[PDB]
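In: The amino acid sequence is not available; the structure is as follows:
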Ligand SMILES: Cc1cc2nc3c(=O)[nH]c(=O)nc-3n(C[C@H](O)[C@H](O)[C@H](O)COP(=O)(O)OP(=O)(O)OC[C@H]3O[C@@H](n4cnc5c(N)ncnc54)[C@H](O)[C@@H]3O)c2cc1C
């Protein structure tokens, strides 16, 4: 057996499925291989089961990359609105959760269903339980530029689109195959790291484990200056939540994070209003009215915060408390693994890839789309949008040959 398909796609995920659909729709033959048992396994998990498919405010600045000028082209070619429009026209209902985030009303199944439907509608063939391996480059054959082993059959193609994703969720089928193919052809890869992931506590902060389950709004600021205002969640392992997941993109191993527990109010102003309006009251009572009761109690049960009458508090101790709550210098021991991480930072170096095409500069006929590229977006549907955009730029480019 020796099959052929002008276009082969490795990975039946967000980027793979969408690209396969665009190609069939533009009238090109394409086959998709996937080591998994079902298509779009991560799409089904995204957005807590409803799929945060994009965000109303998308710009290149919502993406992390060694190469800042990369993302702009594909994002402007196929926009968040081009997809929002495809979704609505496709009969899918969605709503805005917060911060421009858009989710499906009827679950992530809608997105996966729409993708699989477009592919069936235009001719794309999807083969599951097919793990790709042994990719070889062919040089003389004008019709065959690549050969590869899928199970026991050898496939041949003119264009090979790599949409294998990143490393998070290994139990879901995640593979480094995309990087392995790149490295085999001498294509540079930026060292991958788990991102949009929780932080783990060092020994000195382990006592905060007692706060597990508690949640509050804070502002997290990374050493590079980036800030995010959102919810922070105390865990058994460390700290998590939207604010933490967001800042893990800008945080670097060995680095510290600046956490403001009371971003909202101006503690001193308040502590003073209570110093006049309640000279009798305890510090603990004024504090619990601002922060979670159990956190305030823990600082006390740890002797970190003295509980005295508002009146018996020197203006200097009031200013040390204020700085203490607004400037918590947190140094995580590290990050949780790829089993919790939402994405993977790093990947194929985007400077050797085409900004307009997604095609490899070093190896013609080889394309990289999706998360495998060194393009990581913010939490909030940005990662899926990059998948739609890069998959489209690739398909549109190939249809033009
Ligand atoms: C728990 C969780 C929740 C998430 N929620 C959101 C969200 O709400 N919004 C958002 O924008 N993003 C979200 N993401 C991230 C998002 O899923 C990805 O950024 C996006 O799916 C990347 O698309 P992709 O096609 O590159 O890869 P994937 O969607 O991962 O698909 C690639 C496929 O390639 C296949 N593959 C790998 N190696 C091989 C091989 N050797 N042979 C054949 N096939 C192979 C895999 O089976 C995989 O299914 C979430 C991620 C996780 C883990």
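Out: Arrived safely, thanks for sending. Numbers count the residues shown, from 1 in each chain.
In: contacts and neighbour counts: CA atoms only from here.
Out: Will do.
In: Residue 386: what's it in contact with?
Out: 75, 370, 377 (Cα atoms under 8 Å, 6 or more residues apart in numbering).
In: so which of those residues is the most crowded?
Out: Among the contacts of residue 386, the one with the most neighbours (other Cα atoms under 10 Å) is residue 370, at 29 neighbours.
In: Next up, identify which helix or strand the nearest residue in space to it that is not next to it in sequence is on.
Out: Excluding the flanking residues, the one nearest residue 370 by Cα to Cα, 6 or more residues apart in numbering is residue 387, at 4.5 Å. Residue 387 belongs to helix 382-399 when assigned by DSSP states H and E.
In: so does that helix get close to the ligand?
Out: Yes. Residues of helix 382-399 are located near the ligand by Cα under 6 Å from any ligand atom, namely 382-384, 387.
In: Among these, which one is most surrounded by other residues?
Out: Highest neighbour count within those: residue 387, with 27 neighbours (other Cα under 10 Å).
In: Isn't it up against residue 372?
Out: No. With contact defined as Cα atoms under 8 Å, residue 387 does not count as touching residue 372 (9.9 Å).
In: Please tabulate the contacts of residue 386 in TSV, including the columns distance to residue 85.
Out: Listed next are the contacts of residue 386 as TSV, based on distance: Cα to Cα, whole Å:
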residue	distance to residue 85
75	15
370	21
377	21
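In: what's the closest non-adjacent residue to residue 3?
Out: In space, residue 3 is closest to residue 155, 4.9 Å off (Cα to Cα, 6+ apart).
In: what does residue 15 give?
Out: Leaving out its chain neighbours, the residue that sits closest to residue 15 by Cα to Cα, 6+ apart is residue 387, at 4.4 Å.
In: and residue 116, how many neighbours?
Out: Around residue 116 there are 21 residues (other Cα under 10 Å).
In: now swap in residue 264 and tell me
Out: Neighbours of residue 264 using other Cα under 10 Å come to 13.
In: Which phi and psi values does it adopt?
Out: When read as degrees, to the nearest 10, the backbone of residue 264 gives phi -60, psi -80.
In: if I look at it, how far off is residue 36?
Out: 46 Å (Cα to Cα, to the nearest Å).
In: so where do the strands sit in the stretch 51-200 of the chain?
Out: Assigned strands in the stretch 51-200 of the chain, in chain order: 54-55, 63-64, 94-96, 101-104, 125-127, 132-137, 146-150, 153-157, 159-162, 189-195, 199-200 (criterion: DSSP state E, counting those that start in this stretch).
In: okay if I get the ones you listed as TSV plus distance to the ligand?
Out: Below are those laid out as TSV (distance: least, Cα to the nearest ligand atom, whole Å):
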stretch	distance to the ligand
strand 54-55	6
strand 63-64	11
strand 94-96	12
strand 101-104	8
strand 125-127	10
strand 132-137	4
strand 146-150	8
strand 153-157	13
strand 159-162	8
strand 189-195	10
strand 199-200	16
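In: give me phi/psi at the residue most central in space within the chain?
Out: Among the residues of the chain, the one closest to the centroid is residue 343, at 4.4 Å (Cα atoms, centre = their mean). Phi and psi for residue 343, reported as degrees, to the nearest 10, are phi -140, psi -180.
In: Name the residues linked to it by a beta bridge.
Out: residue 195 (DSSP bridges).
In: Please give the element, helix or strand, for the most far-flung residue of the chain relative to its centre.
Out: In the chain, residue 280 marks the outermost C-alpha relative to the chain mean, sitting 49.2 Å out by Cα atoms, centre = their mean. Assigned by DSSP H and E, residue 280 falls within no helix or strand.
In: That one touches residue 313, doesn't it?
Out: No. Applying Cα under 8 Å, one finds residue 280 not in contact with residue 313, separated by 11.5 Å.
In: Brilliant, that's me finished.
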